[PDB]
Amino acid sequence: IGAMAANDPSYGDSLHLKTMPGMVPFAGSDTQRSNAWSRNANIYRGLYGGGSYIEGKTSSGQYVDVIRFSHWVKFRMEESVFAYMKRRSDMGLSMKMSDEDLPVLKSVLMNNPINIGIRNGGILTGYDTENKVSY
Amino acid sequence: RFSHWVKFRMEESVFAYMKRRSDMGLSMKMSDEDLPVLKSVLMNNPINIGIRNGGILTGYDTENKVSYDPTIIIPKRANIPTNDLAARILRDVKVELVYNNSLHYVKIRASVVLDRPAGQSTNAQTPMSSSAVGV
Amino acid sequence: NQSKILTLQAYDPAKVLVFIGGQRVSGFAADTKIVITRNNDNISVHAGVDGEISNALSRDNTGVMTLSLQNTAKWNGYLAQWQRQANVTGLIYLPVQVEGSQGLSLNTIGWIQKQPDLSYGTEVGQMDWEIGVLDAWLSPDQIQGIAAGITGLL
Amino acid sequence: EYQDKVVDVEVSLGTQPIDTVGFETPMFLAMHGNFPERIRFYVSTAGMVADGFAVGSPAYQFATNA
Amino acid sequence: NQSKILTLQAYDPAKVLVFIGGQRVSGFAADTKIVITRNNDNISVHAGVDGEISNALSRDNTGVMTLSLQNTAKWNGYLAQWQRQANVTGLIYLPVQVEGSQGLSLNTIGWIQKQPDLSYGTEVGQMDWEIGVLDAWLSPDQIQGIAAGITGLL
Amino acid sequence: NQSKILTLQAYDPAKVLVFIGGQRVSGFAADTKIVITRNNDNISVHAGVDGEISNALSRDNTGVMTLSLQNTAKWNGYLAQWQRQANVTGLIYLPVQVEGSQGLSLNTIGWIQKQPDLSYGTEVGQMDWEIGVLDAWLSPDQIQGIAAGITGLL
Amino acid sequence: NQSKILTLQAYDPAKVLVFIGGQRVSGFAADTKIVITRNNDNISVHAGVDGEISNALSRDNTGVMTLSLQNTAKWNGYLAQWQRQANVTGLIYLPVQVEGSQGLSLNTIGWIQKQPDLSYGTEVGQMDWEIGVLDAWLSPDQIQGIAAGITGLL
Amino acid sequence: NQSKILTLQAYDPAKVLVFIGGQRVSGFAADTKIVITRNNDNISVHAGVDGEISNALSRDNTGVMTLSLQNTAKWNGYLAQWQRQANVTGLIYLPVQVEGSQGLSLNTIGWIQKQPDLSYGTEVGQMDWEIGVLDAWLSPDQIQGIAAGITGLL
Amino acid sequence: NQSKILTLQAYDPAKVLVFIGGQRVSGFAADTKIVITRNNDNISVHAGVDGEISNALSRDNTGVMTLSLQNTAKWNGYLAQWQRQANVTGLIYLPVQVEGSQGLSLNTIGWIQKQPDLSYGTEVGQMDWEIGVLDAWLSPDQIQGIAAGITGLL
Amino acid sequence: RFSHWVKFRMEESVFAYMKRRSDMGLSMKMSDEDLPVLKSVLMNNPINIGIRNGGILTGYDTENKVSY
Amino acid sequence: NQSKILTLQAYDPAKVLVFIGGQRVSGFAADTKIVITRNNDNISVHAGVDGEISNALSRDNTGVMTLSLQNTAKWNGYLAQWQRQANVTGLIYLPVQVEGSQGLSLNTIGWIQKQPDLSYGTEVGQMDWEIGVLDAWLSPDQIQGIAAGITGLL
């Protein structure tokens, strides 16, 4: 938790090699490590004098980084939209369902998560040369 | 002392303008075309000397989201009761101000280190503002 | 959607009041009474090669206030005499105030910058005095203020 | 309310402060009876021990590791 | 060959929506609402004596967005107050969004660069605010995208 | 409010008298008789980075007085001869005086600066002589003077 | 890749504070307020014939801090009087501090090295005082410090 | 003969990558990012009276790498702190690498030679850091290599 | 924060009075009247290898006062005759005094150092006399004096 | 003794500056444009005399990689 | 205060008479006719460490008188022939006299120091002869003389 608590998901900063105080290096041999990896049981290993986590995998097989990013997006898009709506309805003139007012959600969402993610490198942009598609 | 100073000098400035204006003939008359000059008359003398010398505060407040700019309001002829046009006295002129403050007391918190200070955290992320978890 | 009237009252040029030193100006020109312009841009922009953008505010608020008067107006004499009075005594500053009818206003200090040319012809001539202003920030006099704390974002 | 000195200084030997960071608070579901509430927030192990938690107890170990 | 109608719907100026900070702008001028222009050329060309040609891309995307409003419009007060608020507090950036009716669109960050001059005359005046834009790339909002992978050659 | 007549008499161009050396000039052009312009601004402004403003007066009062005459007017010969007379003898200065009908006046020393071009065509030509003036301060000749001690403030 | 704003706030020249002896300086020039330059290079390089390279650090941190003020500013008198006061009494050192708005800062001891020339002309003059500094190391006041232990290599 | 395009891709300044110590530099100036110059000539020439010519190679490969950054860029703090860190600890060397977009590259060791002057003005300032390089030989990263064994003669 | 006027009066060049020997000088040039410069730096700095800094005051207060006059001015004759009178009799010193309008002043002894070159051309020429000064310390004539005992520190 | 010395003299220096600043009028005011001068005020007197006389340590630590 | 005319007559360049050997020179250049400059400063200053000041007069009055003539002027032949005549016979000195129109004059002995370069081009060329002068003291020819006994003091 101390190696995960204050890490902002917007950077997509995986846990691959993060050092953690307190833990003790895994002592098994190569076959034991292979078995542990096959069962998705992460192991703390010591290399070149230091200690390092490995592979940050979860039970279902998906990397923990992706799960954290998805939760971050899910929470903050909602918080941003609610904060805009509440401020807009606290002055009167609450939002109304019409084509002349709905499109502002584009700017509202492009602010907060969708742009912070691009600035911090979590969200990818550009043109793909292989598939010929844009991100 | 500041309140007494304002009270005396606003009155002296207004009286000095009125006397000079009525000493040439063309005394002031109760109409929308002549009343507004009181704004400039009052913004001269106290309201501006106070700002120049630092006694009167100006600017935008970041906490309450309010401005400290001095304000002056003058009523229109249509709002003056008929009785005052017989008494020939105007009322309800309003002014606002924000007073500055000196510094009286200060408290400090020092610290001393004897051994080698412990290594600081090596986090390079931009510090996030607040927790995302909120419903 | 129906067309909306942008105002309840009607913009009346006679309601625009100009007070120079505490007296109302009279005898204006035909088309335009006053024009207010800022000397310099509000914000400058520095663009790097890589694309980084940084901006710096501008603290130069000096401006020019054009003032058109008929050459037959009596206020030409007042300004002409005040020009020499200031030249001799050395005091050039005097308060300036403008009241808008259905627009912005202005209230700052100013001075006479240039005397307009004089031309005599078949028709009545015109003189366009230039009055400097210490600060050229047009201030509102409306219900504005409850929404400035709403547009704020980022 | 009343200050006897215009300027005062508290000389703390050795200790240093730390800045305020944004974070997600973890939750550790421990079993005990030290307080009636279902959930409490602590900022240091000193406060936990002051609440009757024994040194080396599960919650204390978790907090000092975190 | 027969003449073809370039569109099914009709270009309606009222359908063009401008959102500055999350609020719709109203009270536009007569002829032109908004003009968007890039500050610098997209690609530069270096021509040698022998005839060799080499080009370098330009990463300066700053632009200027003219905005015309009647001097009686209430939005003049909002922008005027925001100018001083930003000058004091130091925050000048705010989101800008434009929705086209039958053309391109725009969605970037912007700021107020210069306050337009004010003139009072016989008729209602006009004010042309200048709003900067971090990036002046007009983006489409149409079925375009299936042909961009066709024009490609060489 | 009722419209007010700005003057009692009527601006009569024939009442404008120009005395160059003690003789009245006659035979003027069609549209404009004389134009008076100052060479330099009255007051300069120095604006600091922090916003401090300081101003300095200008002591350069030289000006140019355009003078339009028909090429058939006899005064063309007088000025032409005086040009060579001054060139030979070395004396170029001569008094200049202008009397306004319902406007400002002028009374200073002047000299001939440039001779206008001459063109012959289907219609009668025009010549626009340029006369310098030592001081280009237009002085009033009205009841002005009792109010200059009123506008004063600050 | 999209263009990024290099800062959140805007560089405001008025926010740069200069404290000489415990008082804020006011009345700066137009273009540039202060310039700080080091007298000597940080590191010298000795190159041998065979190609061996060795370097030696430089311990001379003296620098010069240019300071531009309008000749009408009151701070000209303070510095002028302090010059003679130090000349007589023999004490020349005084603290110097500079606060950056969106850049580096400085806090060291300094002294007056040379008095600028004085010139009187049509416009307001300028004076560029030179203030010495014991150490000319510009120090940061930002989140910098967590990465200095990362760039380190070799 | 027809004009030929000297390259297939376009020179993109953003593609030029500078790695100082293992981190990418960002926040460059407007016109020029980096300039690399050799300190001494590659080959010297000795000419005798009779006309005999002999040459000697130069083994001094030290050079200077100018680096322009906006004063608002965060990398100013990193370099400033590293300067004092090296001054105290005594380690000044660190790897330097440059990747060209459509030109030559560089990969050697370097150090900070001189800190640029700091100036505060109306617009955002610029700082031109000077970074030394142990060897200033610009190396290619192209298909070059199959022709170097062809130009050889004599 | 609002812009402040740095002075109440206006800097008037005509108010600057120069008294050479007890008579007022007249007939100055166009742009600049007088320039005062010190010959040598006020304080020297000695920097040791280890970093120790020591300074020594400079007692050389000699300076040069440029003086621009039109070649038609009568004061050219006075100075020319005084030059030969001093050359013959041997007395060269005479009092010099300068009164500032909104700036510093000067009152010391001086002498004529160099006679300016003379050139005849299409326009009126200019002569820039150089007058030495025993002491070039510009003294104030303002309310300064109550704060000089405040800036003092260390 | 060092702690007591710092505690006394920082306070005395700050009070002496404040009293001199308020004895001419223009007393200190709580604003961002005047507060920062306390940095120079404190860097004068104790914080600098201690460095000059060797009581206060400075420099970069090579073990912990921290600055003093 | 009113502007004053510095002279009654007008500075006429044609009135400047140059007599070299008793004949008037003709065929001058466009901009400047003659320039007179002193070779050395009039008075030297010796400043001691303690501040004592002592001065010594300079007895070197040699000067250079530039003279511009069109390459088509006949006086080029006269000077060219006189150059060789003096070279052969050995006599180089000849009287030189200059009469000012509204300025100083000169009357001393002189000689030809350097022949100007000759260049042929699209337009008529110019030649700037240099004539030495035994004494370069510009003498007045005005009412000056009654005030030189007034400025004297100390």
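Going by the order they are written in, the chains are A, B, C, D, E, F, G, H, I, J and K; count residues from 1 in each one.
Please note the rule applied: contacts are C-beta pairs under 8 Å (C-beta built on N, C-alpha and C of every residue); 3 or more make two chains touch, one makes a residue touch a chain.
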Review point. Quick one: which of E-G, G-I or C-H reuses the I-K interface, over half of the residue-numbered contact pairs in common?
Key: G-I
Review point. Would you say C-F or B-J is joined by more C-beta pairs in contact?
Key: C-F
Check your understanding: Whose C-alpha centre lies nearest the centre of all protein C-alpha atoms?
Key -> G
**Study point:** Intercentroid distance (Cα basis), chain I paired with chain H, Å
**Key:** 49
Check your understanding: Can you give the whole-Å distance between the Cα centres of chain A and chain E?
Key -> 34
Revision key, fill the gap. Chain-centre distance (mean CA atoms) for chain F and chain H, in whole Å, is 65
Check your understanding: Multi-chain contacts in chain G: which residues touch at least two other chains?
Key -> 1-7, 10-14, 22, 27, 30-33, 70, 72-73, 95, 102, 122, 124, 147, 149-150
Study note, to complete from the structure: Residue numbers in chain B touching two or more further chains are 21, 44, 59, 106, 108, 110, 112, 117, 120, 123, 126-128, 132-133
**Study point:** Residue ranges of chain E in contact with chain C within the complex
**Key:** 14, 20-23, 27, 59-62, 70-74, 76-78, 80-85, 87, 90-95, 109, 111-115, 117-122, 124-125, 132, 134
Review point. Once bound in the complex, which stretches of chain I touch chain F?
Key: 1, 3-7, 10-14, 102
Point to revise | Contact set on chain H toward chain J in their complex | key: 84-85, 88-89
Study note, to complete from the structure: In their shared complex, chain H is touched by residues of chain C numbered 44, 46-52, 54-56, 58, 60
Revision key, fill the gap. Chain A residues touching chain G in their complex are 118-119, 125-126
